[PDB]
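Take a look at the structure set out below.
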Amino acid sequence: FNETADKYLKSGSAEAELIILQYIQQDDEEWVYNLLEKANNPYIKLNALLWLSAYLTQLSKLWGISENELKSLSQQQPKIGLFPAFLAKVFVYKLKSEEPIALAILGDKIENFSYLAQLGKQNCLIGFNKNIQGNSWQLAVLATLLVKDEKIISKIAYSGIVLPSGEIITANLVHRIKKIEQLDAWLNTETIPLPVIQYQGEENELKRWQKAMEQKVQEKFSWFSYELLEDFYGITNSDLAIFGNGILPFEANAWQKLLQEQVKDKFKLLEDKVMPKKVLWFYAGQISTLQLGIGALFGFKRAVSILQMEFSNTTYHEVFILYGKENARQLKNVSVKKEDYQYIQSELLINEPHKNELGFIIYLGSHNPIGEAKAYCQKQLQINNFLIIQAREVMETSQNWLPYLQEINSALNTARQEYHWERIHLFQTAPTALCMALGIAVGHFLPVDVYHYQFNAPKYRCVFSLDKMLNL
Amino acid sequence: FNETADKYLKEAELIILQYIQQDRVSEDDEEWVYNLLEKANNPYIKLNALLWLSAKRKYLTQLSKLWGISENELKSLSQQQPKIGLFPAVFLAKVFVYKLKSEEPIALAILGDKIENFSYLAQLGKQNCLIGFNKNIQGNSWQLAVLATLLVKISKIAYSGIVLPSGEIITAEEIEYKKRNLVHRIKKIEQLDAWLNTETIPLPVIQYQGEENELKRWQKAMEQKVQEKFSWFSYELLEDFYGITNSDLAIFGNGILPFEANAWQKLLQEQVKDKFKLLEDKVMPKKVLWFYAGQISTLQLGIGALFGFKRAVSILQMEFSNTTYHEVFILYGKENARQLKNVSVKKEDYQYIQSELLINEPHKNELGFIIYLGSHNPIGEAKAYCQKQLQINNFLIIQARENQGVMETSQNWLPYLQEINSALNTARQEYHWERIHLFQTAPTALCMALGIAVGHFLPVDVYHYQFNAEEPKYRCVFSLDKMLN
Amino acid sequence: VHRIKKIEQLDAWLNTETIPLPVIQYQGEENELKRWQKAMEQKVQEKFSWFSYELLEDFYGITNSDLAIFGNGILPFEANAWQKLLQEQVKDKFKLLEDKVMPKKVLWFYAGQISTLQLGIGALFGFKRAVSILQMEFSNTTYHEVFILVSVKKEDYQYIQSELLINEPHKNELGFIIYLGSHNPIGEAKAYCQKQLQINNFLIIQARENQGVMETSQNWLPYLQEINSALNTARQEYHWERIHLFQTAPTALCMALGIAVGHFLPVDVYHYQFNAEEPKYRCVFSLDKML
RNA sequence: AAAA
RNA sequence: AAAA
């Protein structure tokens with residue numbers, strides 16, 4: 001009791017301090033007042049302060065705080081932040097005052113880092129749980145001050161020293177922060193950009209493509225950073241990269257293995273990691289044909305900025321916008337008739353109406369695949385029904401490419417309205433982003449076997465199937 | 001009994017409680033009984049002594065003066081009907097609430113240790129009370145039961161937490177031990193007030209076939225959409241207020257549904273058939289505002305047919321530009337649900353769909369109902385399926401009028417379905433159809449609405465399209481008229 | 001009288017003039033019947049707050065089952081089953097229930113489930129009983145009294161669109177078709193008469209403006225008045241020895257329709273069963289043969 | 001037509 | 001047409 005409290009005052013034993021803390025929490029104020037000054041353990045100091053919150057006048061006079069606000073700390077539910085030492089805690093208690101007074105109770109002495117209250121836009125009382133040296137706990141308190149939604153942030157820890165002018169100094173852990181505008185948006189946004197890159201080749205090229213893609217994402221979300229993303233969710237560059245060393249083999253099992261190992265579960269895992277907040281996917285790919293599979297695994301249920309690759313200058317140009325004011329559904333608009341076609345021209349040739357097999361040939365890139373795909377379908381698949389989609393008058397990267405995909409889907413469904421096609425065989429030379437958008441739109445519904453073409457290799461080869469993307 | 005009370009001060013509590021329950025005590029020791037009301041660690045004894053003193057009107061003036069409670073309120077407490085709240089203990093104990101009319105706010109709590117006036121309880125409850133108890137409880141986690149009994153306009157629900165003068169609620173320790181329906185995941189005064197004094201309980205119901213993580217994501221999105229209109233709603237709050245878990249509200253299966261009519265009918269019977277009935281049984285006294293989204297379009301026509309036109313439902317369609325649901329079908333409130341079944345639209349008065357009726361075999365009483373409001377065209381495949389398999393040449397083809405594949409998620413989708421139903425019943429005007437065959441590429445919410453409107457009253461066999469299947473990819477998964485059987 | 005909470009409710013029970021008796025017809029699980037009765041209880045309490053199902057079983061002993069024309073599961077599609085259901089339950093229901101509350105009159109509240117059954121119940125209900133026929137509205141799950149129960153010219157027709165065809169003015173068989181819901185019966189009923197009953201004379205009753213949507217916030221008596229005038233109009237010009245009735249009408253409308261033409265016309269009533277093989281129509285009962 |  |  002009182003003797004135990006006096007013994008704990010004159011000793012450094014942790015068991016007595018914990019017992020005193022438990023007794024105070026579950027409910028001799030002179031020893032409690034004395035323990036407030038003798039801040040041997042910050043956890044004991046904070047608990048004693050709340051017991052006094054419900055010598056209140058003396059504490060208010062000495063600490064530069066009010067009286068009603070001081071007694072309002074007992075009736076305030078603290079906000080908890082985590083910062084490394086183990087993982088110590090910062091407790092924020094509500095305080096109302098005119099002058100900004102961010103009273104922080106520390107083991108050394110109670111100090112008022114007034115800049116903290118101004119930055120956090122709320123006067124607060126700061127308590128701790130352990131004797132922590134340094135000022136590395138600034139970031140956790142500031143982050144828990146700038147939060148808007150009411151939820152426990154124990155999943156995220158922060159570390160750093162916040163200087164008065166609004167910058168953080170270095171001491172899941174978040175310690176790569178440098179500006180307060182970064183921290184405010186990393187907790188008070190609802191759409192977290194997830195930049196995903198599909199590259200096959202050297203690791204260094206993937207690295208600098210990821211850097212350029214981070215820059216392009218920052219062009220719209222200036223608060224984003226790969227280091228910050230890894231800090232806040234553990235989503236590393238490898239967690240966002242559809243990678244693999246060397247040239248992918250022409251064997252069909254290789255592409256299916258690549259899709260099932262990485263592409264199949266990547267989006268669902270990443271969206272699980274960013275659990276409460278929505279995701280604005282940013283996608284760039286390398287191999288054109290693979291995207292049709294990737295897009296099929298990506299689906300139409302994701303808001304995506306699809307960006308084109310530029311080899312000359314390593315900069316990304318967004319060509320597909322599927323986010324904003326109901327802009328997503330526009331990719332599935334199939335209302336464009338043949339007469340009002342402004343971008344592509346479609347030729348639907350049918351020579352064997354009794355055969356429900358169609359060769360979907362698309363030429364919106366550089367090399368013309370019509371001859372090769374026609375020979376392949378007439379020699380290795382026995383197909384005489386073709387749907388050739390090409391350009392009218394190669395594609396301006398600056399302009400939006402949504403009409404291309406809209407009219408491609410419209411032509412495909414117009415073909416499907418008047419005939420039954422058991423199998424569709426996709427042979428295309430199209431830009432990577434357009435192939436990805438086509439895979440998103442057409443999806444795993446229509447039976448489509450996509451064949452990839454390699455000029456360095458039996459030039460064509462059935463690489464995957466749209467309907468089987470939900471299986472492999 | 002004075003001797004029993006003295007023995008308790010120095011089994012005994014049960015004797016006096018039974019003795020005072022029948023009012024077998026005398027007024028000579030009543031003042032001593034008053035001392036018991038101030039010298040009893042068990043709040044039940046103190047509350048019983050207070051009630052006995054109020055009934056007998058003995059020495060109550062001193063207590064009224066000491067507690068700042070009007071004598072009229074103390075007298076009224078004798079004949080007042082105490083409301084009961086339930087809160088867990090270190091079992092589930094009860095809180096007793098008595099009406100009071102004191103000018104000053106006096107939410108007196110007769111605790112075992114000492115009597116304390118939690119005045120802020122009266123402010124939040126908008127009524128002065130005389131809190132009673134039945135056993136000694138350490139920690140004042142009894143706040144939420146009293147607050148719930150105060151905010152009513154009730155033994156099914158129990159509460160646990162601590163309130164603050166701001167109105168916020170904080171839970172206590174031993175939450176896991178206490179949780180071994182118990183409401184402990186609530187934080188706001190408005191949340192409890194609305195959850196208690198609403199008229200319709202939102203019931204977000206989703207149909208999904210896949211993995212549990214994406215089901216959790218979908219349910220979180222549906223919860224956000226519901227909270228947009230009912231900010232007090234929460235899946236945790238629904239779970240501890242009625243026992244309705246996320247599994248109950250989910251028409252869930254693992255992986256891709258097998259492409260067998262037996263599998264689809266088993267899924268309908270095991271989960272869909274009685275889900276709405278049991279959920280409406282759970283929230284018995286209140287009405288239900290079903291918020292519905294689904295995954296497989298064909299399964300909806302059956303889900304809506306079992307759902308019926310007798311339920312007020314907000315059918316939501318997800319807009320993937322912002323990954324937000326939109327209430328595309330509003331069938332509750334001021335918006336009349338009778339307009340769901342408005343078949344008064346003529347063909348010349350169509351503004352959203354384009355409908356045609358081909359009759360090449362008038363002698364045969366069968367036709368193919370093909371709906372194309374999505375993007376992937378089913379007309380060719382379904383027509384080939386009818387002509388090659390079902391031997392059918394009569395067709396009722398419905399597509400979109402202007403913008404095929406894009407139906408504005410911001411606008412109301414009721415006119416689409418109204419015109420579709422009008423076209424169907426105009427086809428049924430001069431013709432008798434023994435069987436109707438339904439092949440659709442239509443939005444999920446529109447399919448559910450069409451199933452609700454058409455119901456089980458028509459001979460309709462619905463043929464699902466399976467992407468990962470061998471030809472034929474159409475198969476009559478169920479019949480609309482056979483769902484009641 | 002034991003479950004009485006407020007003295008105000010007790011005062012009205014012993015000193016009222018009319019007692020409301022809510023009668024509901026339902027076929028299916030008894031659990032959903034309990035839900036239907038609870039929704040019916042609220043509508044009565046708008047006009048009689050003192051009314052309660054629990055109190056109804058105390059003063060008189062009327063039980064929720066006693067007020068319910070109830071049968072487990074789907075009613076079998078046999079004419080004998082329908083005639084048994086009307087005879088065993090419906091026919092003696094209203095006469096017996098009135099005798100329970102003998103000193104005071106009865107204001108009947110009614111809402112059914114099977115539209116075709118209401119013609120038999122409405123005919124057997126009688127036109128001497130004051131009735132407040134309800135019709136549930138589903139956007140709010142509430143009941144609305146659409147009926148608070150002739151000689152109207154065709155030109156002065158407000159909401160119905162009557163039509164009379166006499167293609168073979170030789171036989172005296174008439175197909176009475178009433179289309180007020182949203183499922184068109186004209187195609188099926190016309191084909192049923194020609195193929196099975198050999199009938200080509202038809203009287204069609206159809207909504208003039210809003211098919212399937214008649215505002216459940218007003219009085220539906222003018223709707224019924226137009227039907228009686230149109231029906232009686234054909235009888236003066238042509239003598240019908242037997243009229244065959246097919247209807248897709250609201251449940252409340254059919255019950256009031258049976259009251260107007262109860263037992264005084266040779267009318268054949270045909271039900272449509274959704275889960276039945278062709279033919280889906282069957283003469284469940286004849287309106288002139290329940291006496 | 002497997003949140004269109 | 002089985003609370004339209």
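First the proteins, then the strands, lettered A, B, ... as listed; each starts at 1.
- Distance from the side chain of C/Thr216 is smallest to E/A4 among E/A3, E/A4, D/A2.
- For B/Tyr325 against D/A3, a side-chain N or O and a base N or O form a donor-acceptor pair under 3.5 Å.
- Here the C1' atom of nucleotide D/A1 and the CD atom of B/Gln295 are 12 Å apart, to the nearest Å.
- For C/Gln135 against E/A4, a side-chain-to-base donor-acceptor contact under 3.5 Å is present.
- Both B/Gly374 and B/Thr441 sit near RNA chain D, but only B/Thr441 has its closest nucleotide nearer the 5' end.
- Here the side chain of C/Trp220 is nearest to one of D/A4, E/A2, E/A4, namely E/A4.
- Scanning atom types as modelled, one donor and one acceptor separated by under 3.5 angstrom connect the side chain of C/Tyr281 and the base of E/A1.
- Contact of C/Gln273 with E/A2 (side chain to base): a donor-acceptor pair of N or O atoms is detected under 3.5 Å.
- Side chain of B/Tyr465, nearest nucleotide from E/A2, D/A1, E/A1: D/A1.
- Figure legend: C/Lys280 and C/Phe274 shown without cation-pi pairing, the cationic atom not lying both under 6.0 angstrom from the six-membered ring centre and within 45 degrees of its axis.
- Remark: side-chain polar atoms of B/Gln317 are paired, donor with acceptor, to backbone N or O of B/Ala445 under 3.5 angstrom.
- Of the listed nucleotides (D/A4, E/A3, E/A4), D/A4 has the atom at the smallest distance from the side chain of B/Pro443.
- Going from atom CZ of B/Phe307 over to atom P of E/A3 covers 13 Å, rounded to whole Å.
- Within the model, atoms CH2 of C/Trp82 and CZ of C/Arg282 stand 11.0 Å from one another, a figure rounded to the nearest 0.5 Å.
- One can place CD of B/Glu327 at 16 Å from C1' of D/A3, the figure rounded to the nearest angstrom.
- For the atom pair B/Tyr465 OH and B/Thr298 OG1, the distance stands at 11.5 Å (nearest 0.5 Å).
- Out of D/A2, D/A4, D/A1, the shortest distance to the side chain of A/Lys332 is found at D/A4.
- When distances are taken from the side chain of A/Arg416 to each of D/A1, E/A2, E/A3, the shortest belongs to D/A1.
- Between B/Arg338 atom CZ and E/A3 atom P the separation is 11 Å, expressed in whole Å.
- Taking only distance into account, the side chain of B/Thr444 never meets the base of D/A3 through a donor-acceptor pair shorter than 3.5 Å.
- Within 4.0 Å of B/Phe309, counting heavy atoms only, lie sugar-phosphate atoms of the nucleic acid but no base atom.
- Closest approach to the C/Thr116 side chain among D/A2, E/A2, D/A3 is made by E/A2 (side chain taken as heavy atoms from C-beta onward).
- Put simply, CD1 on C/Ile69 is 14 Å from P on E/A2, counting in whole angstrom units.
- Look at CD1 on C/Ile74: it is 14 Å from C1' on E/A1, rounded to the nearest Å.
- Not a single donor-acceptor pair, N or O on each side, falls under 3.5 Å between the base of E/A3 and the side chain of C/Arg35.
- Using a 5.5 Å limit on the distance between ring centres and a 30° limit on the angle between planes, the aromatic ring of B/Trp218 counts as stacked on the six-membered base ring of D/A3.
- Listed candidates were E/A3, E/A4, D/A3. Nearest to the side chain of B/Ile206 is D/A3.
- Atom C1' of nucleotide E/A3 and atom CD of C/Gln37 are separated by 13 Å, given to the nearest angstrom.
- Checked by atom type and distance alone, the side chain of C/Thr141 never pairs as donor or acceptor with a backbone atom of B/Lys287 at under 3.5 Å.
- Between E/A2 and C/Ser115, a contact under 4.0 Å exists linking OP1 or OP2 to a side-chain N or O.
- Although no hydrogens or angles enter the test, the distance criterion places a donor-acceptor pair under 3.5 Å between the side chain of B/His376 and the main chain of A/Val442.
- B/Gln429 places its CD atom 14 Å from the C1' atom of E/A1, with the value rounded to the nearest Å.
- When distances are taken from the side chain of A/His444 to each of D/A2, D/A1, E/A4, the shortest belongs to D/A2.
- Listed for the B/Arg428 side chain is a donor-acceptor partner under 3.5 Å among the backbone atoms of C/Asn184.
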